[PDB]
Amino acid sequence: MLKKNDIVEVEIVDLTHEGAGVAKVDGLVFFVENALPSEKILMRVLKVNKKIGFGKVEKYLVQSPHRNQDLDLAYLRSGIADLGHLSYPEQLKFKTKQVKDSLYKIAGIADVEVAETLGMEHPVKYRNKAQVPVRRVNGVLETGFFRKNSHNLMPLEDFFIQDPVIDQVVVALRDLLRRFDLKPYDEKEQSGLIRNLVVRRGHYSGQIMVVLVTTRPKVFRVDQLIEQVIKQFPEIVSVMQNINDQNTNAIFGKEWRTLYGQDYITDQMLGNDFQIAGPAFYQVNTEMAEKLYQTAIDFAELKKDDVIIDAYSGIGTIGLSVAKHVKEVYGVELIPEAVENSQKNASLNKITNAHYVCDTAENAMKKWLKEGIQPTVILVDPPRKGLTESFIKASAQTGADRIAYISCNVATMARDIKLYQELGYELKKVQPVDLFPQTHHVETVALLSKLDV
């Protein structure tokens, strides 16, 4: 029976969703960082639980031909790129396999085509938004990212999967915070001023918003700091302050202040302009979010007479992306300011057939149906937990023939598919999309239809 710090020769026989190698020794299932299937390693036992254990590679005996040798290990240990040590073609095959297995094991479905995962051509340097903690590390204010399962900042300048100009702004801000003697936040002490930096840069527009996330309102000589950072980065259009005075894992507090310029940037997606506030949700991989939405559009076979419900519409990106293709878009969104933003974004693009309600999806559907609206397509991008039975039955009660389910969690998608099948919908096609390349994340578009069943 294995002990911690034992060294055992194992063959890696599987890979978890989150990118851990799997070995099976002495009745236990071991999870091993930075170890790929068919690799043979000397494994250092780090921890033994009842049915599972944890290990480390002491030495590679056989390295996989699918290993990417050039990845800095910082990106695995920060969880920035959980699959970054796997060749990109095998990353895609793995995400495809996971979708297929979920549909079979959860929904009992084995006869539906699952397309190979849509990948990114140069799957690096892509995020249009940084959220970096600011902490003192080794006595110096640093920017970086937390080690996995911790709040220990790893100082980083190159974030691998982030816009390099954003990386440069974060470094310039780091150095200005140092020159101006501004103190980083200390979670244990609840001391200091600077908690986080959020930097958004338009993928297409290059417009930059700097958010200083601070514990207190007053930031000494911040006007001179702003004066100098905009000298280095004239593309900065907004310097915002968010005050978070709470002991919480949430990034943002309630109060926002504009210190310079605008309180938003403008960026483009599928040909439309979007005004993006500090706390708005906006896909960080614009290049692949465009392909994701294009996939749902293609699956739904959108016609100019279709009436679309954009369920959980946010600041409007999905419905406004399809608005030019369909008769009417009805968006439901629970957050009123998001509805405000989606109305502004419709107006900015002169889109007049997109209408938003702030309500629950069930109540909006009830009222829309009472108003005579006859939905024909529902586009829904549920949270990780999937849809409720109430939502599924309500969406089915609308009579909508096609439902494009944009999932960030294949497991809850397969569960929801089962109920839609009981309700008379057929699962027609499935397309995984690599929305977050180099990571574990599997995004899936599923087409459900009660036509031709």
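One-based numbering along the sequence shown.
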| remark: Of 119-127 vs 240-248, the stretch with the larger average CA B-factor in the entry is 240-248
| said: Per the record, averaged over C-alpha atoms, which has the higher B-factor: 221-229 or 106-114? | reply: 106-114
| Quick one: which of 50, 402, 66, 385 has the biggest Cα B-factor according to the entry? | 385
| Out of 234, 144, 314, 279, residue topping the C-alpha B-factor column of the entry | 234
| query | Of the three thirds of its chain by CA temperature factor, lowest, middle or highest, which one includes residue 190? | reply | highest
| task | Just say lowest, middle or highest third for the CA B-factor of residue 80 relative to the other modelled residues in its chain. | result | lowest
| request: Using the B-factors in the PDB entry, rank residue 166's C-alpha atom against the chain and give the third, lowest, middle or highest. | output: lowest
| task | Divide the modelled residues of the chain into thirds by Cα B-factor and specify which third, lowest, middle or highest, holds residue 440. | result | middle
| task | Sort the modelled residues of this chain by their C-alpha B factor and say whether residue 254 lands in the lowest, middle or highest third. | result | highest
